[PDB]
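Presented below, as structure tokens, is a lone chain in the form deposited in one PDB entry.
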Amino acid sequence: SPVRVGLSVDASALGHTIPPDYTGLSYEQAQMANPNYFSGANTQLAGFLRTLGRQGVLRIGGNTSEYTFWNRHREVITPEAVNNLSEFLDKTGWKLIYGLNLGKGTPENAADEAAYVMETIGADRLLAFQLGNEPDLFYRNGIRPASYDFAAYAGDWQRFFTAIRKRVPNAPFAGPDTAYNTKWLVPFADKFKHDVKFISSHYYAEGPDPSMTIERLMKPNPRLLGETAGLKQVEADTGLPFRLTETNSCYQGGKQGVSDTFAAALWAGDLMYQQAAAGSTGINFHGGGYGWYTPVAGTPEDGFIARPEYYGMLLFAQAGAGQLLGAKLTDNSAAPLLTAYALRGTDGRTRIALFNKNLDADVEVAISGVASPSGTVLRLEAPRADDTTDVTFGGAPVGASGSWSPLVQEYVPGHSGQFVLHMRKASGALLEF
């Protein structure tokens, strides 16, 4: 007995165009201690990335980038590791955001590392260097003293920028690689707008706010809306686009029973669209090893698997790129966590991404504004919102090496230019007209 809601696709309410390199993952720089990880020999992980997008961005940084030390002969990055990363990026078709050690390393070491990266990976595949991860939190791990402020950071950033550009005159940069805030990200954009390609921000649905639950994770985040508005103002005031270079559901590798659940797939897929509709250039979900929130879990020795969050990213992958249209929801007060995104695809077909994040309400969606004859739906499903497994998209799990294709396509009940789509509570759908 579903909530009956109306969705009006207005193909004339033009939103932002989703770039083809929108999707991405964030990893710890420490993973590069192991040259077998980001390697042309790591076909399994390479396969998982190709499935998330023919283009995308691998971001390497995180808290371990303050403890990772480049050497041409505490974790150590070797020329072998950088050489193997170039071969990895060749197998995936993805571009690279590469963190440099501004926390504990020297300008001269960062310049040397940046030179070897540009020499091996090249200007086409290297999107940006980043000078430190979350510099606003250096003072909390003692990487800097408590007195460290934006002024001190700007001094450090300039010293590193100068040293790297002497070795790498075409070196591209992004920063400041943390959450939107007025004490760091606004002044950074103002001072360094001529020295960076784009602004890099982070976002965790968990706050410092009450404890994170599946219930909480499905609701709007006023902090997210605030931070996104901040980044749009910085883009208006400076011309700098923004990318969400580190994101996931909960901090410290995630929360067992939230981050590792089917709920995370609905949250992650919806987030991708909410940020793309705000004009974000892209996203990088943080992950690695077996962390609770990792899209892809595993190791080269034991192999890799898609975790539930991966399936939300997979729905985005299958929607593909294009321009977002108006998709207005009515009669939805009793089903308020249903979200919907309409997309004019690059191939000229209309697509709708629906996230029924209501944990108790089934919906009946009356779709108008699509003058196409017919549509098919691929469902994003698990039997409970807190399932750690049993997740499918298009009636299939993702297999070894990111192997996926749909096994259940279901024609959409259509008649007189109106379509009716049923969705279970805590489910997602991709409609292709």
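Don't overthink the numbering: it's just position in the shown sequence, from 1. Heads up, when I say rigid core I mean the largest set of C-alphas that superpose within 1.5 Å between the two forms. Only residues modelled in both forms are compared.
Although it is not shown, the form deposited in another entry is what the next lines describe.
- Measuring CA movement between the shown form and the other one with the rigid core aligned, the set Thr162, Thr106, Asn181, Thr346 has one residue at 2 Å or more: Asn181.
- Positional change of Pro20 between the shown form and the other one stays under 2 Å at the C-alpha, relative to the superposed core.
- An increase of at least 3 Å in the separation of the C-alpha atoms of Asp360 and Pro413 is found in the other entry, compared with the displayed form.
- The rigid-core fit between the shown form and the other one yields the following 3+ residue runs with every Cα displaced by 2 Å or more: 179-186, 209-211, 221-223, 413-417.
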